[PDB]
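# Report on the structure
So you can see what is in the structure, the chains are spelled out below.
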Amino acid sequence: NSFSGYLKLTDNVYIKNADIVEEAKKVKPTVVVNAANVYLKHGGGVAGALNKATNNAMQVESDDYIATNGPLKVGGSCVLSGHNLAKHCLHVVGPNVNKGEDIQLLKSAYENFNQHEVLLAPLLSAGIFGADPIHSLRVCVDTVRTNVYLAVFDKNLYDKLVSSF
Ligand SMILES: CC(C)[C@H](CO)Nc1ncnc2[nH]ccc12
């Protein structure tokens, strides 16, 4: 958990312009959050990037979790291995608002972070799930009570988030 170069936005939310994968390799945090879907199929966005950095070990473990437990619910989570990136990976499902899933579930999704004292995380529902990323940061700030270190790779978005905050 040796985080460097973050800006403190609130008492417990920090932000940095970085690829979450590079932050995980540098810090090896206790928990890295994945922006997952309900079947834990890590095909693109943050999920695809984290799985590729484990050389598909995350996907083989996720497929076994689904075989034994069934899919997660939107707003839900599960804790699996963090492989080479972290001690644990917290897979969290935000709503895919472009497919009509309710934006109210973005609060439920960020509530999962409160089970861990310190997390390295992306913005939920803010990639291909279609939610406005500045709205996602507002829900994060209003819901997470533990220490969250957010990594946002796109500099244009990072600058807009810092300016809005
Ligand atoms: C979620 C989305 C707004 C954001 C935009 O840069 N994506 C990411 N954020 C952080 N590390 C990442 N690695 C691969 C993608 C990615």
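Reading the values: the criteria
- Residues numbered from 1 in each chain as written, not as in the entry; some residues may be left out.
- Heavy atoms only, no water.
- Buried < 20%, exposed > 50% of the residue type's maximum accessible area, 1.4 Å probe, protein only.
- Core = buried A, V, L, I, M, F, W, Y, C linked by side-chain atoms within 4.5 Å.
- Contact = heavy atoms within 4.5 Å.
- Pairing = 2+ DSSP bridges.
- Helix = DSSP H or I, 4+ residues; strand = E, 2+ residues; numbered from the N terminus.
- Right-handed = clockwise from strand over helix to strand, strands pointing away.

By the method listed in its record, X-ray crystallography, this PDB entry was determined to a resolution of 1.15 Å.

### Some points on unusual backbone geometry
In this structure, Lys28 is a non-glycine residue whose phi angle is positive, near 50 degrees. Since its relative accessible area comes to 41%, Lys28 is described here as partly exposed.

### Overview of the nonpolar core
If you look at soluble globular proteins, the nonpolar side chains tend to sit buried side by side. The biggest cluster of nonpolar side chains holds 26 residues, and the ones touching the most others in it are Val33, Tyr110, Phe113, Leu124, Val148, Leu150 and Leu161. Discounting residues that sit within four places of it in the chain, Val148 has contacts with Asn12, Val13, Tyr14, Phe113, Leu119, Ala121 and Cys140. Grouped together as the second largest cluster of nonpolar side chains are 17 residues, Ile20, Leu50, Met58 and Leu120 included.

### A word on the pairing of strand β6 (residues 118-121)
Taken together, the four bridges between β6 and strand β7 (residues 147-152) define a ladder with parallel strand orientation. The residue bridging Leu120 from the neighbouring strand is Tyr149, located in β7. After leaving β6, the chain enters helix α5 (residues 133-143) and then returns to the sheet as β7, a path that is right-handed.

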